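Notes to accompany the following structure.
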Amino acid sequence: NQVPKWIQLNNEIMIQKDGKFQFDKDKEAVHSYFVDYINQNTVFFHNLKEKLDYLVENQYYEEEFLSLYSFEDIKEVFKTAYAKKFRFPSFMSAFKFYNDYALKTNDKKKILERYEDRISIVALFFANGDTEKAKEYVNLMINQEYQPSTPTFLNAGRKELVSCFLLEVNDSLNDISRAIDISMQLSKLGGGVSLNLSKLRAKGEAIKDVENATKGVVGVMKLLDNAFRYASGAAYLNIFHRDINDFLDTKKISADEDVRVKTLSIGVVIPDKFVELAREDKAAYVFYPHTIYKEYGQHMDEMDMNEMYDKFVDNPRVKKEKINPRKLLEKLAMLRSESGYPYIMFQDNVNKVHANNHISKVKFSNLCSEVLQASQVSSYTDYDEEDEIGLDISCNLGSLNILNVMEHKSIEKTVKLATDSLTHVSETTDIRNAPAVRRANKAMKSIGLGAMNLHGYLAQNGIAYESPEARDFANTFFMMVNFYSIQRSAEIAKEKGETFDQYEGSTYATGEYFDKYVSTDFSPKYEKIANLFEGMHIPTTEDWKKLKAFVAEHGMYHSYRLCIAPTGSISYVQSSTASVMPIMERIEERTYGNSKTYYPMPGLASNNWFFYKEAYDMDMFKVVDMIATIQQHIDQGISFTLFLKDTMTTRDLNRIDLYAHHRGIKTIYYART
Amino acid sequence: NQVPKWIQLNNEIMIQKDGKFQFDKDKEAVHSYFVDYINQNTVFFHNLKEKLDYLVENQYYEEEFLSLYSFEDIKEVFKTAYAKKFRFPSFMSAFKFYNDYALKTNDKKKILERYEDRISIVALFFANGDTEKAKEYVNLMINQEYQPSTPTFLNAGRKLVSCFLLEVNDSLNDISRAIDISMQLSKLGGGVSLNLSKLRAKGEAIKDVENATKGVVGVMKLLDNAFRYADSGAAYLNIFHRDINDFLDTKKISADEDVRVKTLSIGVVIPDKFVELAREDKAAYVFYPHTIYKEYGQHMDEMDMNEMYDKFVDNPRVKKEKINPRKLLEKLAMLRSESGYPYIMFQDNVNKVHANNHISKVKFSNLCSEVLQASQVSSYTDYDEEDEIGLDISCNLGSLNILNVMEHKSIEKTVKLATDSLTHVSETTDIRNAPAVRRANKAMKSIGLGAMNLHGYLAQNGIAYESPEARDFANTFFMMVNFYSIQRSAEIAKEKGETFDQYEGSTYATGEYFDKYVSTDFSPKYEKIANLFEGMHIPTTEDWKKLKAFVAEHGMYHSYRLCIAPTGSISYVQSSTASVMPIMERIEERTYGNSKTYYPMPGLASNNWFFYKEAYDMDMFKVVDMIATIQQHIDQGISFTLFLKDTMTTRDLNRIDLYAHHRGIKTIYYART
Ligand SMILES: Nc1ncnc2c1ncn2[C@H]1C[C@H](O)[C@@H](COP(=O)(O)OP(=O)(O)OP(=O)(O)O)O1
Ligand SMILES: Nc1ncnc2c1ncn2[C@H]1C[C@H](O)[C@@H](COP(=O)(O)OP(=O)(O)OP(=O)(O)O)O1
Ligand SMILES: Nc1ncnc2c1ncn2[C@H]1C[C@H](O)[C@@H](COP(=O)(O)OP(=O)(O)OP(=O)(O)O)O1
Ligand SMILES: Nc1ncnc2c1ncn2[C@H]1C[C@H](O)[C@@H](COP(=O)(O)OP(=O)(O)OP(=O)(O)O)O1
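For the record, the sequence lines run as chains D and C.
Those letters in the first sequence? Residues 4 to 162, 166 to 237, 246 to 687, by the deposited numbering.
Those letters in the second sequence? Residues 4 to 162, 167 to 238, 246 to 687, by the deposited numbering.
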């Protein structure tokens, strides 16, 4: 019943020694943890050869790519991995990896893969042919300079791989059947699956023969809520719809028995016209979209609300409904004061900066509220009848440490390797049950790259989080990031000579995206910021012009490059902070079982106590301006999370909302208190 | 509650497949045993250096001798050990080593030393300076060509001799000193046996008042209580003593409450005069030895019974007692029919072949009934009074496989290494509570070498156990063994120039022991026997003459060389039979717990079923003649064990006893039925 030694040592840090914390004990706890639990459950082997032979003959490793080299080259790779003599810096830095991510045995009671093992297996998977490139991946990963995404880091060479799926539901019975089918298919693959209910007819409407026959959106939500309980995502909705009130009555603290969704989140799509009507204090008109489909032939949100709203008001054909926008934003503020639900996307900020609006305009987002790409709906006909295949969105992920990049200045080569890595991942991927995801993943070739460790590095260097210097720093940094990113994409496009489809329809072929960079140079405006990037080259606008010419030579290989995800579950292995959202508390406290695990933030010393500010004690406006400065280079959304208090006000909340709409923040997240 | 896989596979052998046994399953069980229990409890390490550093800093290895080399030489030794790719041949071949002998952890739940580890640590302990000699010890041990004794194999480099022989002089102070030394050695775990020759008997005068002595039974009672306090030996007695009947009434199936010894065994010393009196059917006279001590000044068994028996009969001073010898041997046969107790030593067979009778004559033996050396009694005076130190016997052990010696023909170099090994062991030994053991172990330098695996090798080659060919084979083999043994002892005596004390008093300096070997050559008398030793040199009697001259040059380093012990507890690791006693059953069956472990004898196939005879179905006379042929070269005793049946007869038993006395067998053991 006694608590073991390392947990007891980890509980020692809260003892006040001269008003401080016992940080130096922490390593000792880690030095306990590698003696009394880890090195007494590892399966023992003589050497490498039999080890790998035992790993093959019990159905663990996919033996194909592990047969495509010599034994000696793999031995050199493992030798390069063990030559680091790597150590962990913190207590959770081991515990989150040797409990869940690292490979266990069949009885789930022993440990096979060491920390070099998993990384070097990932390295040979990203190699696909070159030994020295695999060594480059090792030197990239073992210095904690790059982190692949969660399911890629889990399921490399075992018994799918991308945790993000985005679909559309056309309007038929057959379409709803196909949608529930594909959701149950992807549900066992563990990824993130979110739907959208734009083009559906509303409640109390005619079904092809008889008026007032449709049970509406709530029944489809009920079927999906039962559907994900069998094997957890969300769904979005554009606001110009009668049942939007019933779409928002689901998340309710006085929850109805039938109106009860504990699985799916919800979210609202809002263009500028509704914002205008809520500002100027006038009426609003939600519609019956099936009447619009009968009238104009198209669907509702496939046209501009700013161009067509009063025209639908003027049509006697479209049955309408008048409501109050201001009371509706008040109700949104109340429901976000309850929890923070739903989600919010401002599409006009997105499409006016989007490159690929010539295919379609972005209407929705994933569960992770980040990926904003084109989406064409399919049409699933009857059994012997053939179908028509639209386009879908499937985004594999991956971020990186800012800190070690700043330590080593190999940021270019870092992007060079990570781009090829995610490229080979999207090469490898195949799903054999949803054909539109198949066609789009072959077609669009969308990769997603981001970064964590913003708060901690700049807080450890002694720069406040609300400083303008950090905003200029992030501006110059992400400018150079996007520069080398497009540079590598153009290089690979020259290597293959095969861009994505309808490349001339993009703004990339015209250089309209490049028109921001031909002027308005992003040189550092502070000396202390300039000392940080001091020691390496920073490009000029003429380098952007040479880049524009080199793009105009061939083109770009990818259609999307960047994403920012709240990668907290693999934040702990990199032993760092979250992404760009600053930290909540200086000390995290968990109870694994009969235990009080005490996690300090990395870099917690006496001097930098003030730069480790608290999330409840910050200027939200400067945070939004930081995220807007970050937004200057990112194609997709940014995982912006609101940090609130009970003492705050929905007046101030909606002021922050309209402030972010005025700045141009794409999406937000669930709010915390 | 389910039986694990390897035990279930080991129980499969008794299934009759075509009237046979499932031998081929057995390896599979062993191949199970190294997957599901062993390789999932070994503490995992990166490489050698940290491993040894962790082993030092937790008080496991004595760090002195493990600091007397380079790291690289130790790495070469471990590399030579792992270069064998050694495997076990049987199921118990692992289970008796990874359960008790190999090193565990502090919580006794994990395993640190592998099978290479223990052997190579023993190798560096026997090295004491030379790397190549340590590699020679590795090449000796890892081919299973030599096995050191049990406590040396256990306690090398941790926190050493299992055989102690003492004498008890006659005072109160002496009995105090005896119980003191027995309790001192009792925590050291060795074998300790006493002897009660020079004590006065029951009902006798204690220095002032007649009929005051409680006798031998009270001292036995104190020793029986004494060994119950710590982590069990025995005691011997010469037969010419009144209380011998009470000395034999202790081991009784109708056991008295007071007369009850469940700890100490007992044993009888018999010279030729009592054998003569029992043959010729006359009277016998046991004595009161304290009267003899008052009369002649010496003690009783320090003079010849054949020279002095009728002279003590003729003395009116010595009070005597007349008894029947024939009924006494009948009672001995009855008590051995009960269990097999007591032990029996025929000293006149021993002393007439003993080399060192000029110091004293052997009067007794150890617990293991094998070591027969000189022994001078001490005299423990009062507190401020100084004492006088006698001589004691302490024999470290060690045997070898016959089989691998026959495989490799390196018998000479084998003896060369094993002699230096036991030499360094007797160098290392020190006890700091019994001064006479200290003085004798510095003085006499007695080593003990033997052999196991007689029955199995010659049974596997297809030669019957009762054959004369095996007797000639063993004669030639042990002749060459003793030849190279004395050769190496003379070499080491030349190396040091320091023989043991009173070397000129021995028969070795006079060559009287060598007079057997100057003639009567032991050439093989059979062709099939000659093919076995074919391929190597066998010496001649002129080589014995050169040996005699080389001995006469310097001398011999040791005073004793050979011993034969029932080394069953380390028989299983060598994966072989016992020593020269043939096997009891073809299959051993044990119950570890909720289990039926089935051990086959090694080499059990269909063809050699007949040469694997049964111990209850053999000629005892040919066994005694085999042991007498073995006795032709051994200085000490031989662990001869009787194998009896309930259908046998004490008439036949006593006939076998007198037959062995007529042949010249030194000692016997407890009998089995
Ligand atoms: N933070 C850690 N990360 C990884 N392994 C660790 C960590 N802490 C301890 N260990 C591992 C390494 C070793 O196998 C064992 C402890 O040995 P360790 O002392 O850490 O290495 P070391 O040999 O380089 O230092 P030293 O020479 O002082 O012993 O457990
Ligand atoms: N029995 C039903 N109960 C509720 N809703 C239904 C039922 N049958 C059909 N629907 C709903 C869901 C469908 O998306 C929608 C129209 O159904 P469906 O017959 O598949 O369309 P359709 O392609 O045949 O022609 P139309 O565009 O005129 O509706 O109404
Ligand atoms: N009898 C045994 N003695 C010692 N180790 C054994 C024994 N049986 C199995 N093992 C050990 C050796 C390995 O660490 C593991 C089993 O691998 P094992 O197959 O025996 O060796 P191997 O690699 O030489 O043969 P193979 O190439 O066919 O796999 O457990
Ligand atoms: N109180 C006693 N009860 C029983 N036995 C005793 C007792 N005292 C002494 N003895 C026994 C054990 C001794 O070995 C033996 C003689 O005792 P002890 O006085 O020590 O001999 P001693 O050296 O003084 O002279 P002596 O040779 O005449 O006996 O008798």
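C-beta atoms are modelled at their ideal positions from N, C-alpha and C, and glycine is treated no differently.
Output needed for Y613 (chain C): all residues of its chain with C-beta closer than 6 Å, excluding positions within five of it in sequence on either side, in chain order.
Translated into the one-based positions of the second sequence, residue 613 (chain C) becomes position 599. Taken in chain order, the residues that qualify are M95 and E602.
Mind listing which residues have their beta carbon within less than 5 Å of any non-hydrogen atom of ligand 2? Chain order is fine.
D:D177, D:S178, D:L179, D:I213 and D:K214
At least 3 beta-carbon pairs within less than 8 Å: the region 99-107 of chain D vs the region 46-60 of chain D:
no
For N42 (chain D), which residues in chain C fall below 8 Å Cβ to Cβ?
Position 39 of the first sequence, counted from the first residue, corresponds to residue 42 (chain D). Correct list: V46, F47 and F48.
Compare the C-beta of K78 (chain C) with all C-beta atoms of chain D and state if any pair is closer than 7 Å.
Walking along the second sequence from the start, residue 78 (chain C) turns up at place 75. Chain D, which has no Cβ nearer than 7 Å to the Cβ of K78 (chain C), makes this no.
Going by CA-CA distance only, name the one from D:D434, D:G225 and D:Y471 that's closest to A484 (chain D).
Your numbering for residue 484 (chain D) matches position 470 in the first sequence. Ranking the options by Cα distance to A484 (chain D), first place goes to D:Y471.
Between the region 621-629 of chain D and the region 556-576 of chain D, do at least 3 Cβ pairs fall closer than 8 Å?
no
Rounded C-beta distance between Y479 (chain C) and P596 (chain C)? I'm assuming under 8 Å.
The residue given as residue 479 (chain C) occupies position 465 in the second sequence. The residue given as residue 596 (chain C) occupies position 582 in the second sequence. With 8 Å as the limit, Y479 (chain C) and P596 (chain C) qualify as a contact, their Cβ atoms being about 6 Å apart.
Buried or exposed: which applies to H49 (chain C), given that a residue is buried once 16 or more other Cβ atoms fall within 10 Å of its Cβ?
Mapped onto the second sequence, residue 49 (chain C) falls at position 46. By the 10 Å Cβ count, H49 (chain C) comes out exposed.
Among D:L618, D:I543 and D:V224, which one has its Cα closest to the Cα of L278 (chain D)?
Residue 278 (chain D) sits at position 264 when you count from the first residue of the first sequence. Measuring from the Cα of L278 (chain D), the nearest candidate turns out to be D:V224.
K107 (chain C) CB to nearest chain D CB: under 7 Å?
As a working note, residue 107 (chain C) is residue 104 in the second sequence. No, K107 (chain C) does not count as interfacial toward chain D.
Does the beta carbon of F37 (chain D) fall short of 6 Å from some heavy atom of ligand 1?
Sequence index remark: in the first sequence, residue 37 (chain D) carries index 34 (1-based). True, at least one ligand heavy atom lies under 6 Å from that Cβ.
Can you give the Cα-Cα distance for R677 (chain D) and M319 (chain D), rounded to whole angstroms?
What you label residue 677 (chain D) is simply residue 663 of the first sequence in a count that begins at 1. What you label residue 319 (chain D) is simply residue 305 of the first sequence in a count that begins at 1. The straight-line gap from Cα to Cα measures roughly 21 Å.
Does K52 (chain D) get closer than 7 Å to chain C when you measure Cβ to Cβ?
Within the first sequence, the letter at position 49 stands for residue 52 (chain D). No, because no Cβ of chain C sits closer than 7 Å to the Cβ of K52 (chain D).
What residues of chain C sit near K8 (chain D), judged by a beta carbon separation below 9 Å?
On the first sequence, residue 8 (chain D) is found 5 positions in, with the first residue counted as 1. Ordered by position in chain C, no residue passes the 9 Å Cβ test against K8 (chain D), which lies about 12 Å from the chain.
For the region 102-135 of chain C, enumerate the residues whose C-beta is nearer than 7 Å to any C-beta of chain D, in chain order.
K113
Going by the CB atoms, is the gap between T643 (chain D) and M466 (chain D) shorter than 7 Å?
Locating residue 466 (chain D) in the first sequence gives position 452, counting from the first residue. Locating residue 643 (chain D) in the first sequence gives position 629, counting from the first residue. No. Outside cutoff.
Find out if the Cβ-Cβ distance for the pair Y307 (chain C), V327 (chain C) is shorter than 7 Å.
Translated into the one-based positions of the second sequence, residue 307 (chain C) becomes position 293. Translated into the one-based positions of the second sequence, residue 327 (chain C) becomes position 313. The answer is no: Cβ separation not under 7 Å.
Identify the residues that DSSP records as bridge partners of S279 (chain D): which are they?
Numbered from its first residue, the first sequence carries residue 279 (chain D) at position 265. BP columns for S279 (chain D) point to D:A248.
Report all residues from its chain with a CB closer than 8 Å to the CB of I114 (chain D); omit the five preceding and five following residues, and keep chain order.
Looking up residue 114 (chain D) in the first sequence gives position 111. Counting only Cβ-Cβ distances below 8 Å, and skipping sequence neighbours, we find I41, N44, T45, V46, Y101, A105, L106, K107 and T108.
Cβ neighbour criterion (16 or more within 10 Å) applied to residue 243 (chain D)
No coordinates are present for residue 243 (chain D), because the numbering of chain D runs from 237 directly to 246.
Taking 7 Å as the threshold (C-beta atoms), are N489 (chain D) and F547 (chain D) in contact?
Within the first sequence, numbered from 1, the residue matching residue 547 (chain D) stands at position 533. Within the first sequence, numbered from 1, the residue matching residue 489 (chain D) stands at position 475. Contact: no.
Quick check: is any heavy atom of ligand 3 less than 6 Å from the C-beta of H34 (chain C)?
In the second sequence, counting from the first residue as 1, residue 34 (chain C) sits at position 31. Yes; taking the cut-off as 6 Å, the Cβ of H34 (chain C) has a heavy atom of ligand 3 nearer than that.
With DSSP run on the structure shown, which of helix, strand or coil describes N410 (chain C)?
Position 396 of the second sequence, counted from the start, is the residue given in the question as residue 410 (chain C). Correct three-state label for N410 (chain C): strand.
Here's a check: name, in chain order, each residue in its chain whose Cβ is nearer than 6 Å to the Cβ of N252 (chain C), leaving out the five neighbours to either side.
Taking the second sequence and counting its residues from 1, the one referred to as residue 252 (chain C) is at position 238. Here the set comprises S204, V283 and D315.
Report yes if the C-beta of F91 (chain D) is less than 6 Å from at least one heavy atom of ligand 1; otherwise report no.
Position 88 of the first sequence holds residue 91 (chain D). Result yes, Cβ under 6 Å from ligand 1.
Would you say the beta carbon of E65 (chain D) is closer than 6 Å to some non-hydrogen atom of ligand 3?
Position 62 of the first sequence, counting from 1, holds the residue named residue 65 (chain D). Checking the Cβ of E65 (chain D) against ligand 3 gives no.
State the Cα-Cα distance for the pair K162 (chain C) and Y63 (chain C), rounded to the nearest angstrom.
Along the second sequence, read from residue 1 onward, the residue named residue 162 (chain C) stands at position 159. Along the second sequence, read from residue 1 onward, the residue named residue 63 (chain C) stands at position 60. Looking at the two C-alpha atoms, the distance is approximately 7 Å.
Rounded C-alpha distance that separates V273 (chain C) from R600 (chain C):
Taking the first residue of the second sequence as 1, we reach residue 273 (chain C) at position 259. Taking the first residue of the second sequence as 1, we reach residue 600 (chain C) at position 586. Computed Cα separation, rounded: 39 Å.
Just the Cα atoms here: how many angstroms apart are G247 (chain C) and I407 (chain C)?
As a first step, residue 247 (chain C) is located in the second sequence; it is residue number 233 there, counting from the start. As a first step, residue 407 (chain C) is located in the second sequence; it is residue number 393 there, counting from the start. One C-alpha to the other measures close to 15 Å.
Does ligand 3 have even one heavy atom less than 6 Å from the beta-carbon of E53 (chain D)?
Residue mapping note: residue 53 (chain D) aligns to position 50 of the first sequence, counting from 1. Yes, ligand 3 has a heavy atom inside 6 Å of this Cβ.
Sequence ranges, alpha helix (DSSP H) only - wholly within the region 185-234 of chain D, length at least 4:
223-234
Count the other CB atoms, across all protein chains shown, that sit within 10 Å of the CB of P7 (chain D); report buried if there are 16 or more and exposed otherwise.
Numbered from 1 along the first sequence, position 4 holds the residue referred to as residue 7 (chain D). With fewer than 16 other Cβ atoms within 10 Å, it is exposed.
Within its chain, find whatever has a CB closer than 7 Å to the CB of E352 (chain C); leave out the 5 residues flanking it on each side and keep chain order.
Counting from 1 along the second sequence, the entry for residue 352 (chain C) is found at position 338. Only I267 meet the Cβ criterion.
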